[PDB]
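Residue numbers (the entry's author numbering), protein chains in the order written: chain A, 8 to 339; chain A', 8 to 339; chain A'', 8 to 339. A prime marks a further copy of an entry chain.
Ideal Cβ placement from N, Cα and C applies to all residues, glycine included.
Remarks on the structure that follows.
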Amino acid sequence: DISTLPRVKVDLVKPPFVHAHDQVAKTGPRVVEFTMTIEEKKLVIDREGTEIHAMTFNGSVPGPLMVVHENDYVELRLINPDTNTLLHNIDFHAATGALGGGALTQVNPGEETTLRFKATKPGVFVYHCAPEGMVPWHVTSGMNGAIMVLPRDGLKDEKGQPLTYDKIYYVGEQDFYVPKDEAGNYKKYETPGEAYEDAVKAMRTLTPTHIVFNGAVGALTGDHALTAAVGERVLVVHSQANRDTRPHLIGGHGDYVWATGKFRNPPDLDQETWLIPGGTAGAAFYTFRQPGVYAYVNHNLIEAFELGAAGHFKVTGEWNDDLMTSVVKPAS
Amino acid sequence: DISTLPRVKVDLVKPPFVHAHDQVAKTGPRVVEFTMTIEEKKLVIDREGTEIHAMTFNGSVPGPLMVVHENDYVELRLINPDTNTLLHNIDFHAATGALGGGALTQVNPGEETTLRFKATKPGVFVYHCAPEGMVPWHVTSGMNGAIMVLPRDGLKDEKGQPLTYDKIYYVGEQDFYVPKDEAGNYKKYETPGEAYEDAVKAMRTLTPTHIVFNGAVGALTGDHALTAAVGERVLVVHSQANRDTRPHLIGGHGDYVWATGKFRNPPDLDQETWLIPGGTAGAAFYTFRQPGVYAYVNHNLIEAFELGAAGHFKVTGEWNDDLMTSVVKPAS
Amino acid sequence: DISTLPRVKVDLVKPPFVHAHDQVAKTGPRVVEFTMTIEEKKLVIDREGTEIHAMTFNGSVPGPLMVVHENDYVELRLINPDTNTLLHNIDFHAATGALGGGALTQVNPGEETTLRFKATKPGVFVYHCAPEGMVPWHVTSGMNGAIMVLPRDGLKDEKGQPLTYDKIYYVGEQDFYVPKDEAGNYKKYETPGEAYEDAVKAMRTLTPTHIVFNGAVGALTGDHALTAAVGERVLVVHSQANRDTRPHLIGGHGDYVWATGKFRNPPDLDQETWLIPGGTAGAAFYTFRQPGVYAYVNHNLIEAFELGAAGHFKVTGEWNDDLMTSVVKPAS
Ligand SMILES: O=N[O-]
Ligand SMILES: O=N[O-]
Ligand SMILES: O=N[O-]
Ligand SMILES: O=N[O-]
Ligand SMILES: O=N[O-]
Ligand SMILES: O=N[O-]
Ligand SMILES: O=N[O-]
Ligand SMILES: O=N[O-]
Ligand SMILES: O=N[O-]
Ligand SMILES: O=N[O-]
Ligand SMILES: O=N[O-]
Ligand SMILES: O=N[O-]
Ligand SMILES: O=N[O-]
Ligand SMILES: O=N[O-]
Ligand SMILES: O=N[O-]
Ligand SMILES: O=N[O-]
Ligand SMILES: O=N[O-]
Ligand SMILES: O=N[O-]
Ligand SMILES: [Cu+2]
Ligand SMILES: [Cu+2]
Ligand SMILES: [Cu+2]
Ligand SMILES: [Cu+2]
Ligand SMILES: [Cu+2]
Ligand SMILES: [Cu+2]
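What follows is the structure, encoded as structure tokens:
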């Protein structure tokens with residue numbers, strides 16, 4: 008009887024940050040309420056000024072990470088304002104039935120809907136838009152995110168002992184397929200609907216023009232680098248709604264990885280690189296042991312360093328010479 | 008001494024159905040006899056009327072699923088009638104030696120051969136044609152299928168308790184590479200041999216023109232949708248003989264998945280999407296909990312909704328509002 | 008205190024062979040010293056005489072396999088002679104900090120450097136060149152290899168019992184992207200630097216022109232086939248520094264596979280085919296049971312038989328008819 012359960016309202020934050028939550032559940036099951044507003048907007052995705060018409064949940068690519076516990080109810084109010092032009096919906100891979108909620112959430116511009124589902128399976132899961140006849144176009148225009156359903160007693164290692172993270176980041180990786188003219192220049196369109204048939208042709212090549220983290224080439228660099236300190240335990244959630252990726256922390260490892268993101272399974276240990284299949288979210292836990300700049304990449308290095316799938320951590324603290332040292336610096 | 012073992016003759020059925028078998032072995036080891044006849048035939052693969060010269064085992068793409076138990080002997084009579092034009096053979100990934108039987112089964116049109124092998128390893132496995140110098144052409148023309156070798160005591164969960172399926176379906180996913188003229192129109196050929204050099208060039212792009220389930224775009228839809236009922240336990244065997252795929256049940260999960268298809272390993276639990284590498288068969292077990300239409304896709308959504316890798320389940324029974332419900336239907 | 012540890016100098020051997028080592032450690036932790044010399048050289052990669060400017064560690068593609076034990080120190084002297092033209096470095100995925108050593112090992116032609124790191128995590132790991140702004144170009148020109156960090160007590164099966172290999176081979180798989188003129192003919196260049204902008208354009212297609220084992224189409228065939236005997240236990244280490252692969256032994260299996268190469272995890276059993284993600288090394292253990300020719304392939308069969316990713320084992324000994332036999336040889 009759901010009317011007797013506590014309700015809690017959560018305000019979502021922009022990726023790669025994550026809203027505040029408890030790892031170990033401090034209450035019984037709740038109905039957790041979220042609101043998202045669909046925004047169709049122009050996005051500049053690279054250093055050259057290439058623009059697309061992005062389709063977003065809450066104004067960002069990816070959409071924000073939602074965090075609940077196993078056997079909570081998720082109640083989502085989804086708003087499609089009349090400033091948009093397209094019909095949208097939402098499919099949660101975490102949910103059971105009705106095409107993951109897609110069949111129940113079709114909203115024209117000017118409409119809203121509220122869906123509730125029970126989070127019965129622990130893990131990270133993709134959510135994405137999926138309107139009949141236009142599914143890949145929506146998804147590859149940026150309309151995807153993830154939801155983390157924590158076990159009520161938090162995360163566990165391969166022996167069942169507690170694993171506790173100090174920080175958590177969300178990396179959404181996005182494949183874009185920007186249409187090109189005959190010579191290979193990217194095309195521009197006034198509206199999203201203009202691009203439709205050129206978008207289909209670009210997608211059918213199966214060759215993305217850009218692969219980015221957090222919506223743009225270089226989005227997780229500079230002043231937007233991820234930060235941590237030596238000794239901190241960091242959880243990195245990584246989603247790809249459409250195409251396989253293979254994350255790698257340059258200078259580190261995945262100490263504990265759930266590559267396909269489902270926490271009832273034991274993690275894989277000591278990974279150099281792991282495969283997250285398209286349509287999946289995964290999670291990697293790492294304890295930093297050395298200070299400095301780290302790069303976090305898709306380890307198809309072309310996709311990383313030419314197409315955009317690379318970000319940075321900046322880590323503070325003490326250098327450990329036992330782990331690594333230059334015995335003879337580069338010299339003639 | 009094989010002459011003292013019982014012999015049983017099995018008649019194969021068309022995919023996505025599977026011949027009758029026992030999950031838990033009701034007899035000791037047997038020699039299980041199968042016959043397959045190679046058919047080269049014209050196939051229409053999409054709604055536009057694109058035709059290829061398919062190369063098939065038993066007239067279907069994929070070839071039929073064979074089912075035996077661990078330590079049975081498989082005896083296959085392979086017939087290549089003189090109405091075909093090409094040399095064929097068979098390679099079982101389940102078998103040990105002689106290129107999986109490929110070296111022993113080369114049959115010109117007008118010839119037959121009988122191979123026997125012992126099924127020493129439990130799991131689902133690919134089989135495919137593999138004639139010297141023309142291996143990918145045969146495979147990507149549809150000449151592949153799968154064989155399931157059940158443990159003698161049936162399937163087990165991650166704790167070693169019995170898992171029993173009520174229904175079993177076989178989904179063969181096929182990458183096709185249809186040659187195109189300069190403008191991008193699909194070419195046509197009177198005979199398979201005509202296509203050879205254009206087929207090689209099309210394959211070398213590594214970009215399939217169509218990716219389909221059960222031999223055609225929309226083959227597992229409409230009146231050919233897969234069916235189940237709420238509460239039924241369904242095993243879905245999925246093979247891809249040449250290229251990676253990432254199955255996903257839209258509105259459901261893989262409760263227990265053997266992504267690389269080998270049953271001595273514990274299954275992965277609660278999967279949203281799983282990766283079956285090319286040259287592998289995998290298996291996913293799901294208990295349906297909600298009625299309605301489900302879509303089963305390769306979750307590269309371009310491959311699914313543009314190139315053809317999507318089918319449907321239609322599930323009957325009672326809706327459960329506790330799992331999912333529309334709190335406020337789409338409204339202005 | 009590292010000055011009190013024994014030092015041992017190892018001389019590396021050309022792939023696919025591996026330098027002599029102990030499986031179970033016969034000493035305490037050591038500093039293990041290796042030298043590698045960078046060689047930029049012309050390489051013929053296919054039967055047609057296509058040439059590239061390869062960038063190599065120690066003259067080979069892949070670079071040589073290094074073998075140490077968990078908690079040894081690796082000390083590498085890296086030499087870039089003044090006959091080379093480019094700046095190089097090395098990144099070990101086995102190492103912790105400084106971009107896997109990349110930040111500390113930048114060597115112009117005419118320079119050398121010595122790096123030491125502690126091998127804290129057991130497994131096979133990729134190493135590769137990774138100079139700032141030119142990472143994929145170096146890697147896809149062949150500048151990668153692998154390092155195996157054995158547990159001090161050797162390898163273990165899924166139950167923790169010892170697994171001992173009689174032979175070990177290293178297969179480096181390399182994706183090349185040879186630039187093409189308008190008609191599709193491969194281009195030629197006097198120097199590596201000439202190719203730079205054409206190399207970037209070729210890479211951005213994400214479509215390799217050649218995928219090879221040990222640096223050339225057909226390198227592991229003929230008199231260079233891998234050898235074994237019936238009853239031998241063989242470990243095959245396989246790396247791919249940039250792109251996913253799916254190894255398969257034709258006529259055999261992976262009895263025990265660490266697909267992502269990290270030995271603290273239990274192996275997967277009875278694999279037909281396994282996925283090694285790009286930027287990973289994996290390892291497969293097999294006991295041969297039948298004599299004859301086996302092919303070891305990437306089971307995207309186009310990549311194998313058209314693009315070059317295939318090699319051979321030749322296995323000697325006794326044929327076992329119980330496992331497989333021709334009951335009726337091919338006949339009219
Ligand atoms: O600015 N809206 O695509
Ligand atoms: O956009 N309707 O609230
Ligand atoms: O789905 N593409 O890896
Ligand atoms: O091909 N998937 O990155
Ligand atoms: O190890 N960095 O690609
Ligand atoms: O999907 N389990 O990591
Ligand atoms: O109709 N045979 O290709
Ligand atoms: O086609 N020979 O039976
Ligand atoms: O083998 N192609 O995923
Ligand atoms: O790229 N494999 O679907
Ligand atoms: O969740 N359906 O792509
Ligand atoms: O291959 N084991 O699922
Ligand atoms: O011959 N050096 O590229
Ligand atoms: O190339 N310097 O030793
Ligand atoms: O990274 N390509 O499989
Ligand atoms: O697409 N990787 O072989
Ligand atoms: O089974 N050989 O591709
Ligand atoms: O990465 N473990 O096989
Ligand atoms: Cu949408
Ligand atoms: Cu989906
Ligand atoms: Cu054939
Ligand atoms: Cu095969
Ligand atoms: Cu280099
Ligand atoms: Cu790397």
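Near ligand 15: residue i beta-carbon under 7 Å from a heavy atom
i	result
residue 307 (chain A)	yes
Sequence-distant residues of its chain with Cβ nearer than 8 Å to residue i (five each side left out)
i	result
residue 54 (chain A'')	224, 225
residue 49 (chain A)	58, 59, 60, 61
residue 163 (chain A')	169, 170, 270
For residue i, the residue or residues it bridges with in DSSP
i	result
residue 180 (chain A'')	A'':220
residue 14 (chain A')	A':38
residue 340 (chain A'')	The structure shown does not extend to residue 340 (chain A''), since chain A'' spans only 8 to 339, so no value can be given for it.
residue 121 (chain A)	A:84, A':335
residue 151 (chain A')	A':135
residue 254 (chain A)	A:305
residue 160 (chain A)	A:31
residue 47 (chain A'')	A'':62
residue 99 (chain A'')	A'':134
residue 266 (chain A'')	Paired residues: none, contrary to the question.
8 Å contact criterion, which residue i and residue j should meet: CB distance rounded
i	j	result
residue 123 (chain A)	residue 82 (chain A)	4 Å
residue 204 (chain A)	residue 273 (chain A)	With a Cβ gap of about 47 Å, residue 204 (chain A) and residue 273 (chain A) do not count as contacting.
residue 286 (chain A')	residue 152 (chain A')	Their Cβ separation, rounded to whole angstroms, is 13 Å, which puts residue 286 (chain A') and residue 152 (chain A') out of contact at 8 Å.
residue 173 (chain A')	residue 240 (chain A')	5 Å
residue 132 (chain A)	residue 101 (chain A)	4 Å
residue 184 (chain A')	residue 138 (chain A')	Not confirmed; about 18 Å, so no contact.
residue 149 (chain A)	residue 222 (chain A)	7 Å
residue 147 (chain A)	residue 182 (chain A)	6 Å
Contact set for residue i: own chain, Cβ-Cβ below 6 Å, skip 5 residues either direction
i	result
residue 87 (chain A'')	45, 95, 114, 116, 118
residue 232 (chain A'')	319, 321
residue 79 (chain A'')	36, 37, 39, 126
residue 291 (chain A')	243, 261, 264
residue 206 (chain A')	144
residue 175 (chain A)	25, 242
residue 246 (chain A'')	133, 153, 179, 288
residue 66 (chain A'')	46
Proximity test, residue i beta-carbon vs ligand 12 heavy atom, cut-off 7 Å
i	result
residue 278 (chain A'')	yes
Check: residue i C-beta below 7 Å from any heavy atom of ligand 20
i	result
residue 372 (chain A)	This structure cannot speak to residue 372 (chain A), because chain A is shown only from 8 to 339.
7 Å CB neighbourhood of residue i in its chain, flanking five on each side removed
i	result
residue 266 (chain A)	275, 281, 282, 283, 289
residue 112 (chain A'')	85, 96, 97, 120, 122
Residue i: CB within 7 Å of a non-hydrogen atom of ligand 19
i	result
residue 145 (chain A)	yes
Any non-hydrogen atom of ligand 6 closer than 7 Å to residue i Cβ
i	result
residue 269 (chain A)	yes
Heavy atom of ligand 4 within 7 Å of residue i beta-carbon
i	result
residue 212 (chain A)	no
residue 252 (chain A)	yes
Residue i: CB within 7 Å of a non-hydrogen atom of ligand 23
i	result
residue 150 (chain A'')	yes
Requested in this report: May I ask you to list, following chain order, the residues of the segment 311-333 of chain A' that have a beta carbon less than 8 Å from some beta carbon of chain A?
Outcome: The segment 311-333 of chain A' vs chain A, Cβ under 8 Å: 311, 312, 313, 314, 326, 327, 329, 330, 331, 332, 333.
Query raised in the report: Can you list, in chain order, the residues of the segment 230-256 of chain A' whose Cβ is nearer than 8 Å to any Cβ on chain A?
Result: Here the close residues are 251, 253, 255.
Query raised in the report: In the segment 291-313 of chain A', which residues sit with their C-beta less than 9 Å from some C-beta in chain A, listed in chain order?
Result: Within the segment 291-313 of chain A', the residues whose Cβ lies closer than 9 Å to some Cβ of chain A are 296, 297, 298, 299, 300, 301, 302, 304, 305, 306, 307, 308, 309, 310, 311, 312, 313, listed in chain order.
Query raised in the report: In the segment 112-123 of chain A, which residues sit with their C-beta less than 9 Å from some C-beta in chain A', listed in chain order?
Result: Per Cβ criterion, the list reads 112, 113, 114, 115, 117, 118, 119, 120, 121, 122, 123.
Query raised in the report: In the segment 186-205 of chain A, which residues sit with their C-beta less than 8 Å from some C-beta in chain A'', listed in chain order?
Result: Hits within the stretch: zero.
Report task. Would you list, in chain order, the members of the segment 255-280 of chain A'' that have their beta-carbon closer than 7 Å to a beta-carbon of chain A'? Result -> Of all residues in the segment 255-280 of chain A'', 255, 257, 258, 259, 260, 275, 276, 277, 278, 279, 280 have a Cβ within less than 7 Å of some Cβ in chain A'.
Query raised in the report: Going along the segment 127-157 of chain A'' in order, which residues come within less than 7 Å of chain A', judged by CB to CB distance?
Result: Cβ contacts with chain A' come from no residue of the segment 127-157 of chain A''.
Requested in this report: Name, going along the chain, the residues of the segment 204-227 of chain A' whose beta-carbon falls closer than 9 Å to a beta-carbon of chain A''.
Outcome: Cβ contacts with chain A'' come from 207, 210, 211, 212, 213, 214.
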